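Data from final34.cif: mmCIF, C-alpha atoms and all ligand atoms
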```cif
data_structure
#
loop_
_atom_site.label_atom_id
_atom_site.label_comp_id
_atom_site.auth_asym_id
_atom_site.auth_seq_id
_atom_site.Cartn_x
_atom_site.Cartn_y
_atom_site.Cartn_z
CA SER A 958 0.00 0.00 0.00
CA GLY A 959 2.96 2.32 0.73
CA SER A 960 4.54 1.18 -2.59
CA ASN A 961 1.20 1.84 -4.45
CA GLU A 962 1.17 5.46 -3.15
CA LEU A 963 4.84 6.08 -4.24
CA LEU A 964 4.15 4.48 -7.67
CA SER A 965 1.30 7.06 -8.07
CA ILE A 966 3.89 9.86 -7.39
CA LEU A 967 5.95 8.44 -10.35
CA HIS A 968 2.81 8.78 -12.56
CA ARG A 969 2.72 12.62 -12.07
CA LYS A 970 3.01 14.64 -15.36
CA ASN B 468 41.69 30.68 3.17
CA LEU B 469 45.07 29.47 4.59
CA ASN B 470 45.68 32.93 6.19
CA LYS B 471 42.48 32.42 8.31
CA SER B 472 44.50 29.68 10.16
CA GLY B 473 47.99 31.28 10.35
CA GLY B 474 49.35 31.04 6.79
CA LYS B 475 50.95 28.40 4.48
CA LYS B 476 54.41 28.34 6.19
CA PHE B 477 52.80 27.94 9.67
CA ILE B 478 50.52 25.01 8.59
CA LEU B 479 53.43 23.27 6.68
CA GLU B 480 55.52 23.66 9.90
CA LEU B 481 52.66 22.11 11.97
CA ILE B 482 52.51 19.09 9.57
CA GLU B 483 56.35 18.56 9.94
CA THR B 484 55.96 18.68 13.78
CA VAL B 485 53.04 16.12 13.55
CA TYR B 486 55.25 13.76 11.42
CA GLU B 487 58.15 14.09 13.95
CA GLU B 488 55.82 13.19 16.87
CA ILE B 489 54.30 10.20 14.96
CA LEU B 490 57.79 8.91 13.97
CA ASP B 491 58.81 9.06 17.70
CA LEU B 492 55.61 7.23 18.83
CA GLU B 493 56.04 4.59 16.07
CA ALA B 494 59.77 4.06 16.94
CA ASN B 495 59.05 3.72 20.73
CA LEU B 496 56.17 1.25 20.08
CA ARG B 497 58.34 -0.80 17.59
CA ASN B 498 61.21 -0.98 20.17
CA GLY B 499 58.59 -2.19 22.73
CA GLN B 500 58.98 0.92 24.92
CA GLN B 501 56.45 3.15 26.76
CA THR B 502 54.49 5.67 24.62
CA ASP B 503 53.10 9.13 25.51
CA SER B 504 50.85 10.70 22.82
CA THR B 505 50.39 14.09 24.69
CA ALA B 506 52.95 16.00 22.51
CA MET B 507 51.38 14.59 19.27
CA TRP B 508 47.78 15.46 20.40
CA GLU B 509 48.93 19.02 21.35
CA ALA B 510 50.72 19.42 17.93
CA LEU B 511 47.27 18.92 16.20
CA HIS B 512 45.66 22.16 17.65
CA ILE B 513 42.09 20.71 17.82
CA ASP B 514 41.12 22.65 21.05
CA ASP B 515 42.74 25.82 19.53
CA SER B 516 39.99 28.49 18.95
CA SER B 517 42.64 31.23 18.26
CA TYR B 518 41.99 31.29 14.46
CA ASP B 519 38.93 31.82 12.15
CA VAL B 520 39.67 28.36 10.60
CA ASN B 521 41.10 25.73 13.04
CA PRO B 522 44.79 24.75 12.25
CA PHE B 523 43.79 21.03 12.06
CA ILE B 524 41.18 21.84 9.32
CA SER B 525 43.87 23.70 7.30
CA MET B 526 46.37 20.77 7.73
CA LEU B 527 43.73 18.66 5.86
CA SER B 528 44.22 20.95 2.75
CA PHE B 529 47.61 19.19 2.22
CA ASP B 530 48.16 15.55 1.06
CA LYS B 531 50.83 15.14 3.80
CA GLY B 532 48.21 16.12 6.46
CA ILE B 533 45.68 13.62 4.98
CA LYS B 534 48.21 10.72 4.63
CA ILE B 535 49.31 10.79 8.37
CA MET B 536 45.63 10.55 9.65
CA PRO B 537 45.41 6.66 9.99
CA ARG B 538 48.75 6.67 11.91
CA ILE B 539 47.49 9.53 14.17
CA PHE B 540 44.38 7.37 15.00
CA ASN B 541 46.62 4.46 16.14
CA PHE B 542 47.82 6.61 19.13
CA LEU B 543 44.52 8.31 20.19
CA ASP B 544 41.72 7.30 22.58
CA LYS B 545 37.91 7.40 21.91
CA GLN B 546 37.25 11.01 23.15
CA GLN B 547 40.27 12.39 21.19
CA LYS B 548 39.03 10.63 17.97
CA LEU B 549 35.46 11.94 18.67
CA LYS B 550 36.87 15.53 19.10
CA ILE B 551 38.50 15.24 15.62
CA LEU B 552 35.17 14.10 14.02
CA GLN B 553 33.30 16.93 15.91
CA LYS B 554 35.86 19.49 14.55
CA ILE B 555 35.53 18.14 10.92
CA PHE B 556 31.67 18.28 11.00
CA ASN B 557 31.62 21.71 12.80
CA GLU B 558 33.91 23.34 10.16
CA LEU B 559 32.90 21.13 7.14
CA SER B 560 32.11 24.19 4.91
CA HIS B 561 35.65 25.58 5.66
CA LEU B 562 37.27 22.27 4.57
CA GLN B 563 39.16 22.90 1.29
CA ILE B 564 38.28 19.38 0.00
CA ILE B 565 34.53 20.29 0.21
CA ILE B 566 35.11 23.51 -1.82
CA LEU B 567 37.17 21.48 -4.40
CA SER B 568 34.61 18.65 -4.71
CA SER B 569 31.54 20.97 -5.02
CA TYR B 570 30.38 21.60 -8.63
CA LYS B 571 29.09 25.01 -7.38
CA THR B 572 32.40 26.34 -5.94
CA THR B 573 34.74 24.33 -8.31
CA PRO B 574 32.87 23.79 -11.66
CA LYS B 575 36.12 22.98 -13.55
CA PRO B 576 38.39 20.96 -11.14
CA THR B 577 41.85 20.16 -12.53
CA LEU B 578 43.19 16.55 -12.54
CA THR B 579 45.47 17.47 -9.53
CA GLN B 580 42.36 18.67 -7.62
CA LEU B 581 40.42 15.45 -8.51
CA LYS B 582 43.41 13.34 -7.21
CA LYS B 583 43.23 15.26 -3.86
CA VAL B 584 39.45 14.51 -3.62
CA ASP B 585 40.03 10.74 -4.31
CA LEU B 586 42.83 10.70 -1.62
CA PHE B 587 40.61 12.40 1.05
CA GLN B 588 37.79 9.96 0.10
CA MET B 589 40.01 6.82 0.39
CA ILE B 590 41.80 7.73 3.68
CA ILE B 591 39.50 10.07 5.74
CA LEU B 592 36.11 8.41 5.03
CA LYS B 593 37.48 4.86 5.75
CA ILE B 594 38.67 6.18 9.21
CA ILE B 595 35.26 7.83 9.97
CA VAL B 596 33.35 4.61 8.90
CA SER B 597 35.60 2.27 11.03
CA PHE B 598 35.44 4.53 14.14
CA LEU B 599 31.60 5.01 14.01
CA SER B 600 31.02 1.27 13.31
CA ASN B 601 33.01 0.34 16.47
CA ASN B 602 33.37 3.23 19.03
CA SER B 603 30.12 5.29 18.87
CA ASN B 604 26.81 5.27 20.81
CA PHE B 605 23.40 6.93 20.03
CA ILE B 606 24.15 10.26 21.86
CA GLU B 607 27.52 10.66 20.02
CA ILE B 608 26.16 9.95 16.44
CA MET B 609 23.16 12.29 17.13
CA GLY B 610 25.73 14.87 18.32
CA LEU B 611 27.66 14.66 14.99
CA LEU B 612 24.45 15.01 12.89
CA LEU B 613 23.44 18.14 14.88
CA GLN B 614 27.01 19.53 14.43
CA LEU B 615 26.56 19.12 10.62
CA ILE B 616 23.00 20.60 10.36
CA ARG B 617 23.59 23.59 12.74
CA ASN B 618 27.01 24.80 11.48
CA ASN B 619 26.59 24.33 7.70
CA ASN B 620 24.32 25.07 4.75
CA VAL B 621 23.36 21.34 4.30
CA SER B 622 22.23 21.86 0.64
CA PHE B 623 25.74 23.26 -0.21
CA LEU B 624 27.32 20.10 1.41
CA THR B 625 25.19 17.87 -0.90
CA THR B 626 26.72 19.58 -4.06
CA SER B 627 30.05 17.96 -2.94
CA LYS B 628 30.91 14.25 -3.42
CA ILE B 629 32.75 14.23 0.02
CA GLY B 630 29.90 16.17 1.70
CA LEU B 631 27.25 13.78 0.33
CA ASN B 632 29.25 10.64 1.30
CA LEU B 633 29.85 12.01 4.85
CA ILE B 634 26.06 12.59 5.26
CA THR B 635 25.32 9.01 3.94
CA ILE B 636 27.78 7.54 6.53
CA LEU B 637 26.04 9.45 9.45
CA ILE B 638 22.46 8.54 8.23
CA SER B 639 23.40 4.83 7.63
CA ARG B 640 25.07 4.58 11.10
CA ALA B 641 22.11 6.34 12.88
CA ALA B 642 19.69 3.86 11.12
CA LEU B 643 21.66 0.81 12.45
CA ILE B 644 21.43 2.01 16.11
CA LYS B 645 18.14 0.24 17.10
CA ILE B 659 8.99 8.47 18.57
CA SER B 660 12.78 8.69 18.90
CA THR B 661 15.42 11.48 19.00
CA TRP B 662 16.57 10.00 15.59
CA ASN B 663 13.06 10.61 14.07
CA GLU B 664 13.31 14.27 15.28
CA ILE B 665 16.93 14.76 14.00
CA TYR B 666 16.18 13.04 10.61
CA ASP B 667 13.26 15.52 10.18
CA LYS B 668 15.57 18.53 10.93
CA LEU B 669 18.00 17.21 8.23
CA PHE B 670 15.03 16.60 5.85
CA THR B 671 13.88 20.27 6.35
CA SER B 672 17.33 21.62 5.25
CA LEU B 673 17.14 19.51 1.99
CA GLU B 674 13.44 19.86 1.04
CA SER B 675 12.88 21.49 -2.44
CA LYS B 676 16.73 21.16 -3.06
CA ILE B 677 17.08 17.27 -3.35
CA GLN B 678 17.63 17.48 -7.20
CA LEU B 679 20.79 19.67 -6.58
CA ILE B 680 22.68 16.50 -5.47
CA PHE B 681 22.89 15.56 -9.25
CA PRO B 682 25.68 17.75 -10.82
CA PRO B 683 25.18 19.60 -14.16
CA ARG B 684 26.09 17.81 -17.39
CA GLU B 685 28.91 20.30 -18.20
CA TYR B 686 30.51 19.28 -14.86
CA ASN B 687 30.09 15.52 -15.60
CA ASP B 688 31.67 15.97 -19.09
CA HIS B 689 34.70 17.77 -17.61
CA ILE B 690 35.31 14.95 -15.01
CA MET B 691 34.66 12.15 -17.60
CA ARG B 692 37.25 13.75 -19.98
CA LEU B 693 39.91 14.00 -17.19
CA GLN B 694 39.34 10.48 -15.75
CA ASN B 695 38.65 8.62 -19.06
CA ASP B 696 35.14 7.65 -17.78
CA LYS B 697 32.65 6.55 -20.49
CA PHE B 698 29.75 7.12 -18.01
CA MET B 699 29.73 9.36 -14.91
CA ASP B 700 29.70 7.18 -11.74
CA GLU B 701 26.59 8.34 -9.80
CA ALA B 702 26.33 5.23 -7.48
CA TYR B 703 27.15 7.44 -4.42
CA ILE B 704 24.08 9.68 -5.28
CA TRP B 705 21.66 6.69 -5.36
CA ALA B 706 23.36 5.32 -2.16
CA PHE B 707 22.63 8.66 -0.42
CA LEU B 708 18.97 8.63 -1.71
CA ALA B 709 18.57 4.99 -0.52
CA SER B 710 19.77 5.88 3.03
CA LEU B 711 17.59 9.08 3.10
CA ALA B 712 14.48 7.08 1.96
CA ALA B 713 15.17 4.11 4.37
CA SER B 714 15.08 6.36 7.50
CA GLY B 715 12.03 8.35 6.27
CA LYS B 716 8.27 7.89 6.82
CA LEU B 717 5.89 7.55 3.78
CA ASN B 718 5.46 11.39 3.49
CA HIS B 719 9.30 11.86 3.35
CA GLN B 720 9.50 9.13 0.64
CA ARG B 721 6.70 10.83 -1.43
CA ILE B 722 8.72 14.11 -1.47
CA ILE B 723 12.07 12.29 -2.30
CA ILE B 724 10.47 10.33 -5.29
CA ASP B 725 8.78 13.53 -6.54
CA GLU B 726 12.02 15.59 -6.37
CA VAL B 727 14.15 12.97 -8.22
CA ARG B 728 11.43 11.59 -10.61
CA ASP B 729 13.15 13.20 -13.66
CA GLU B 730 16.50 11.66 -12.54
CA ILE B 731 14.82 8.20 -12.21
CA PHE B 732 13.48 8.53 -15.83
CA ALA B 733 16.87 9.85 -17.20
CA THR B 734 18.63 6.74 -15.68
CA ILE B 735 15.96 4.37 -17.17
CA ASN B 736 16.46 6.04 -20.62
CA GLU B 737 20.28 5.56 -20.37
CA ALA B 738 19.79 1.87 -19.37
CA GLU B 739 17.27 1.34 -22.27
CA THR B 740 19.73 3.00 -24.79
CA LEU B 741 22.45 0.53 -23.57
CA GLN B 742 20.00 -2.44 -23.87
CA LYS B 743 19.20 -1.43 -27.52
CA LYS B 744 23.00 -1.15 -28.30
CA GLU B 745 23.56 -4.61 -26.74
CA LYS B 746 20.76 -6.16 -28.92
CA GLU B 747 22.02 -4.50 -32.15
CA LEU B 748 25.69 -5.54 -31.62
CA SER B 749 25.10 -9.09 -30.25
CA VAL B 750 23.10 -10.12 -33.42
CA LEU B 751 26.11 -9.30 -35.73
CA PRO B 752 27.46 -12.54 -37.36
CA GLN B 753 31.21 -11.66 -37.31
CA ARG B 754 32.45 -10.91 -33.74
CA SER B 755 36.13 -9.91 -33.22
CA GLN B 756 37.81 -9.67 -29.75
CA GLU B 757 37.24 -5.86 -29.88
CA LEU B 758 33.43 -6.28 -30.49
CA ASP B 759 33.34 -8.80 -27.54
CA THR B 760 35.11 -6.15 -25.39
CA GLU B 761 32.48 -3.56 -26.60
CA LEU B 762 29.56 -5.91 -25.66
CA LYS B 763 31.05 -6.73 -22.20
CA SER B 764 31.46 -2.95 -21.57
CA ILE B 765 27.78 -2.27 -22.61
CA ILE B 766 26.34 -5.13 -20.43
CA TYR B 767 28.51 -3.97 -17.43
CA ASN B 768 27.29 -0.34 -17.68
CA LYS B 769 23.65 -1.45 -18.26
CA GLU B 770 23.63 -3.74 -15.15
CA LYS B 771 25.41 -1.03 -13.11
CA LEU B 772 22.54 1.50 -13.81
CA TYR B 773 19.90 -1.20 -12.93
CA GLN B 774 21.68 -2.02 -9.60
CA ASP B 775 22.34 1.63 -8.54
CA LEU B 776 18.70 2.62 -9.18
CA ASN B 777 17.32 -0.59 -7.49
CA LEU B 778 19.43 0.20 -4.35
CA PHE B 779 17.17 3.30 -3.96
CA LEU B 780 13.86 1.80 -5.25
CA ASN B 781 13.94 -1.51 -3.23
CA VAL B 782 14.23 0.48 0.04
CA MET B 783 10.72 1.88 -0.74
CA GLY B 784 9.39 -1.56 -1.83
CA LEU B 785 9.70 -0.71 -5.56
CA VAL B 786 11.73 -2.34 -8.39
CA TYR B 787 12.87 -1.50 -11.97
CA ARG B 788 12.45 -4.78 -13.90
CA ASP B 789 11.31 -5.74 -17.47
CA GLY B 790 11.46 -2.08 -18.63
CA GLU B 791 9.08 -0.81 -15.88
CA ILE B 792 8.95 0.33 -12.20
CA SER B 793 6.62 -1.96 -10.20
CA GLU B 794 5.87 -3.08 -6.61
CA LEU B 795 8.41 -5.50 -5.07
CA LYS B 796 7.04 -8.75 -3.41
MG MG A 1001 41.55 10.72 27.24
#
```
Mind converting the file's structure to structure tokens?
Ligand SMILES: [Mg+2]
Amino acid sequence: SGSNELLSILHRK
Amino acid sequence: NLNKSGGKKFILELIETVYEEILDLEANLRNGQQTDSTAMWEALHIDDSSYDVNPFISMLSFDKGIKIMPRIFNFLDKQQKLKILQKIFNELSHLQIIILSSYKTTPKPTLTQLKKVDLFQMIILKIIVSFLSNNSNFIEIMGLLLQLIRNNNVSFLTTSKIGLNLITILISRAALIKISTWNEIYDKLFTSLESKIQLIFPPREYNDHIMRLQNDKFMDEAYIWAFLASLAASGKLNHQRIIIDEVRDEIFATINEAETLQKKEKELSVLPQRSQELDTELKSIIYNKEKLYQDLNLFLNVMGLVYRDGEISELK
């Protein structure tokens, strides 16, 4: 769940 | 400046005195005789507040000063060694090696200057690592971190290879000692770096200059990802979110470099005729490709993430 949140930060444009 | 410590001739004289005292201690020890390190300790001027820049800090501007440091440590006790580390961290911005290794203060270092940086790295950091790994408790490590954060512009220290590696050593050591004082001190360090994390990656014009002087085909940035891995490992989720956001463009630039190397590998490996030189080329490409994967995964794995099969995904 922590990893999912950080992965979402990588998806920022 | 050397004049802020007494001048060049005074510091060179202090180094000669230090060597004489070490040679005496080493000779006495070798002959199996009693040793007294008082004269050597006094010749170092650590407790000397008489100058703007401490004479010990200026002695570290010379290779001779740097090279005698492991031998000095053979004749000192724990509190004397701790006083040296305290001095180094307290006056870290006044350390010539920091100014030389910062892309901001030294954008075009000469080969002679790069050799001095590599020497300081090899000798001084190995001593700090060994001493903290063996002779330091929680209070003492916390003390050194506070000395760094309170007496220096932390963001400036991160523009230096030596500065960055010294911070990584302190963070990594603090993390091994297991609401805590460490959580509080980590957050104070995090505050001094926030919005400036990207500045740890030097400009391309700087990388080119170093690569040309050292015959490097790729700039070694393993120490940057090692710092980011230690910073992320001691941080909560909100710290990690900020770190990832601030270096996102650096993560993508590394992936692009790794993918360019993978394409080159594919294109060259399919060639029918393969001389010894082409085999050397392929081995060089594979080595540099795997290096980028490993350096980036050191940072990513710490946050439960992994770069594998051309994508960043969740680990386990
Ligand atoms: Mg003592």
Please, which residues have at least one atom within 8 Å of an atom of ligand MG 1001 (chain A), using only C-alpha atoms and all ligand atoms, listed as a PyMOL selection string? chain B and resi 544-547
Residues of chain A near chain B: apply a cut-off of 7 Å, count all atoms listed in the file, and supply the list as an mmCIF file with C-alpha atoms, keeping the file's coordinate frame.
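File written: result32.cif
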```
data_model
loop_
_atom_site.group_PDB
_atom_site.id
_atom_site.type_symbol
_atom_site.label_atom_id
_atom_site.label_comp_id
_atom_site.auth_asym_id
_atom_site.auth_seq_id
_atom_site.Cartn_x
_atom_site.Cartn_y
_atom_site.Cartn_z
ATOM 1 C CA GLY A 959 2.960 2.320 0.730
ATOM 2 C CA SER A 960 4.540 1.180 -2.590
ATOM 3 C CA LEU A 963 4.840 6.080 -4.240
ATOM 4 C CA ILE A 966 3.890 9.860 -7.390
ATOM 5 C CA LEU A 967 5.950 8.440 -10.350
#
```
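You will find atom CA of residue 504 of chain B at 16.5 Å from atom CA of residue 523 of chain B.
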For each of B:595, B:552, B:665, B:511, take the minimum atom-to-atom distance to residue 537 of chain B, counting all atoms listed in the file, then give the residue where this is smallest.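 Among B:595, B:552, B:665, B:511, it is B:595 that comes nearest to residue 537 of chain B.
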Need to verify the contact set: residue 748 of chain B, 12 Å, only C-alpha atoms, exclusion of same-chain residues closer than 2 positions in sequence. Can you return it as a count of residues only? 22
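The spacing separating atom CA of residue 644 of chain B from atom CA of residue 618 of chain B amounts to 23.9 Å.
Closest approach to residue 510 of chain B among B:491, B:483, B:530, B:685: B:483, based on all atoms listed in the file.
Here the question is which of B:612, B:772, B:565, B:581 gets nearest to residue 740 of chain B using all atoms listed in the file, and that residue is B:772.
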Around (40.4, 16.9, -15.8) in the file's frame, which residues reach within 7 Å when counting only C-alpha atoms? Return as a ChimeraX atom specification? /B:576-578,689-690,692-694
Could the residues in this selection be written to a file with C-alpha atoms, as a PDB file, keeping the file's coordinate frame?
```
ATOM      1  CA  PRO B 576      38.390  20.960 -11.140  1.00  0.00           C
ATOM      2  CA  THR B 577      41.850  20.160 -12.530  1.00  0.00           C
ATOM      3  CA  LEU B 578      43.190  16.550 -12.540  1.00  0.00           C
ATOM      4  CA  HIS B 689      34.700  17.770 -17.610  1.00  0.00           C
ATOM      5  CA  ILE B 690      35.310  14.950 -15.010  1.00  0.00           C
ATOM      6  CA  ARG B 692      37.250  13.750 -19.980  1.00  0.00           C
ATOM      7  CA  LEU B 693      39.910  14.000 -17.190  1.00  0.00           C
ATOM      8  CA  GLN B 694      39.340  10.480 -15.750  1.00  0.00           C
TER       9      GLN B 694
END
```
One-decimal distance in Å that lies between atom CA of residue 599 of chain B and atom CA of residue 672 of chain B: 23.6 Å
Within 8 Å of segment 620-627 of chain B using all atoms listed in the file, minus same-chain residues under 3 positions, as JSON, numbers by chain: {"B": [560, 565, 566, 568, 569, 570, 571, 615, 616, 630, 631, 669, 672, 673, 676, 677, 679, 680, 681, 682]}
Given the selection you just returned, output its residues as a file containing C-alpha atoms, formatted as a tab-separated table (two decimals), in the coordinates of the input.
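New file selection27.tsv:
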```
chain	number	residue	atom	x	y	z
B	560	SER	CA	32.11	24.19	4.91
B	565	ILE	CA	34.53	20.29	0.21
B	566	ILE	CA	35.11	23.51	-1.82
B	568	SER	CA	34.61	18.65	-4.71
B	569	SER	CA	31.54	20.97	-5.02
B	570	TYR	CA	30.38	21.60	-8.63
B	571	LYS	CA	29.09	25.01	-7.38
B	615	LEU	CA	26.56	19.12	10.62
B	616	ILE	CA	23.00	20.60	10.36
B	630	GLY	CA	29.90	16.17	1.70
B	631	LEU	CA	27.25	13.78	0.33
B	669	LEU	CA	18.00	17.21	8.23
B	672	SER	CA	17.33	21.62	5.25
B	673	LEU	CA	17.14	19.51	1.99
B	676	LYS	CA	16.73	21.16	-3.06
B	677	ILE	CA	17.08	17.27	-3.35
B	679	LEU	CA	20.79	19.67	-6.58
B	680	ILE	CA	22.68	16.50	-5.47
B	681	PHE	CA	22.89	15.56	-9.25
B	682	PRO	CA	25.68	17.75	-10.82
```
Edge lengths and centre, in Å to one decimal, as JSON: that's what I need for the box along x, y and z that holds all listed atoms of segment 764-773 of chain B plus 4 Å on each side.
```
{"center_x": 25.7, "center_y": -1.8, "center_z": -17.8, "size_x": 19.6, "size_y": 14.6, "size_z": 17.7}
```
Under the rule of at most 9 Å, produce a per-residue listing of segment 632-677 of chain B near segment 585-594 of chain B: chain, number, name, the closest pair of atoms, and the distance in Å, as CSV, using all atoms listed in the file.
```
residue,atom,partner,partner_atom,distance
B:632,CA,B:592,CA,8.1
B:633,CA,B:592,CA,7.2
B:636,CA,B:592,CA,8.5
```
